[PDB]
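Shown below, as structure tokens, is a lone chain in the form deposited in one PDB entry; questions about how it binds or moves come after it.
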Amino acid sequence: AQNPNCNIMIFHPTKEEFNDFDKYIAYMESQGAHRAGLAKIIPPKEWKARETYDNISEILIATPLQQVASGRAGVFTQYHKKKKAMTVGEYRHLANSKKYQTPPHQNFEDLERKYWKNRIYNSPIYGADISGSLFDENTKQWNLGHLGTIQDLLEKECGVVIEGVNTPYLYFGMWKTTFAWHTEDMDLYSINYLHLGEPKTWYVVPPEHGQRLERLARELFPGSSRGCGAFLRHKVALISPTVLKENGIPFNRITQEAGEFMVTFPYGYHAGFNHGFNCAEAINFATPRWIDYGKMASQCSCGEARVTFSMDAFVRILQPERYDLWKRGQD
């Protein structure tokens, strides 16, 4: 078995190897990369996502989210308070203000210590989940707006044509902006490209050990657990590395820098935080290996998780028994 300790693997494809996206994912999996739940891909030196970032300031962040925490430093939830619209140039200036900017620090480890010590005492503002792309249309390789769609993958594997579309999302971050512990919708893959700015630190639980994280979460968030049998689908709970180590949960960590891709694998729980002003682009995708994960994915039916139009068909075809109850949650 390749990668039996479930370490995060880092790949350096050549420009020739960067042509065929599906083939390269399958290669990484041949080497055991999926066992970690997360992999890093450093693009060939010849590749670029676009020519410059000099003209992005007029993108609108229609609904910036202030991420307000409750709990203790290592075990907390966050809720998202909607703020007034602002442009990316206005958000960048905010991120760089004395109230929100990254503190002085020695290295990524010192910054990580400061994040876990102090996150709960601040409410950073995240421009998350913005439909759009920063890849140039002429970028042919690993262009997250030109991937094969999940609907087409389901159709190729299972023969059933379904409605729905699959487009990317932009994320504008600042110091302390936080992504809570989650797997993807329908336990899909994700791919995330850090276009510019400061790093993003990731934490990940191997897919084979995901249920250990779920059991800990039920213990740490006991009211939430009674409310919903899949409350991590709400994307609000944070647990620190120190707490995970105290409770014996297997996990790994890595920091993504500008110009790098990350792939999350089916049922790979992940969480993390931004170091400072940045912009990322991410999208879900599928492979043949995902289908069995999609069939088994948990679902929130309490009403909180509320997701996209396109998840309907995935539930309806892969999980027909759950469909009725899940759809009640959506309506």
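Residues that one form lacks are left out of the comparison. Residue numbers run from 1 along the displayed sequence. If you superpose the two forms and keep the largest set of C-alpha atoms that fall within 1.5 Å, you have the rigid core.
One more form of this protein should be noted, the form solved in complex with a partner chain, which is absent from this view; the next part is about it.
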Open item on the list: Residue-level contact is defined here as any heavy atom of the residue lying within 4.5 Å of the partner chain in the entry with it bound; does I162 satisfy this criterion?
Closed with: yes
Open item on the list: Quick check on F221: any heavy atom within 4.5 Å of the partner chain in the entry with it bound?
Closed with: no
TODO: Answer yes if any heavy atom of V236 is within 4.5 Å of a heavy atom of the partner chain in the entry with it bound; otherwise answer no.
DONE: yes
Open item on the list: Can you tell me whether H93 touches the partner chain? I mean in the entry with it bound, with a 4.5 angstroms heavy atom cut-off.
Closed with: no
Open item on the list: Only one of 127-135, 213-221, 253-261, 69-77 has heavy atoms within 4.5 Å of the partner chain in the entry with it bound; I'd like to know which.
Closed with: 127-135
Open item on the list: For the three residues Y171, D185 and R306, which mark the spot I'm curious about, does each lie within 4.5 Å of the partner chain in the entry with it bound through at least one heavy atom?
Closed with: yes
TODO: Have a look at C300, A282, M28, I41 for me and say which one sits with a heavy atom within 4.5 Å of the partner chain in the entry with it bound.
DONE: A282
TODO: Let me know the one among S225, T178, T201, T139 whose heavy atoms come within 4.5 Å of the partner chain in the entry with it bound, would you?
DONE: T178
Task: Sole member of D152, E257, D129, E90 with a C-alpha shift of at least 2 Å between the shown form and the other one (core-superposed) - done: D152
Task: Exceeds or equals 2 Å, Cα of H12 between the shown form and the other one, core fit - done: no
Open item on the list: Is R306 displaced by at least 2 Å at its C-alpha between the shown form and the other one when the rigid core is overlaid?
Closed with: yes
Open item on the list: With a threshold of 2 Å on the C-alpha, tell me if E219 counts as moved between the shown form and the other one once the core is superposed.
Closed with: no
- [ ] Since the Cα separation of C279 and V165 moves by 3 Å or more in the entry with it bound, tell me which way: closer or farther than here.
- [x] closer
Task: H234 and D312, C-alpha gap in the entry with it bound relative to this structure (3 Å or more) - done: farther
Task: Regions of at least 3 residues displaced between the shown form and the other one by 2 angstroms or more (CA, core superposed) - done: 149-165, 225-227, 306-331
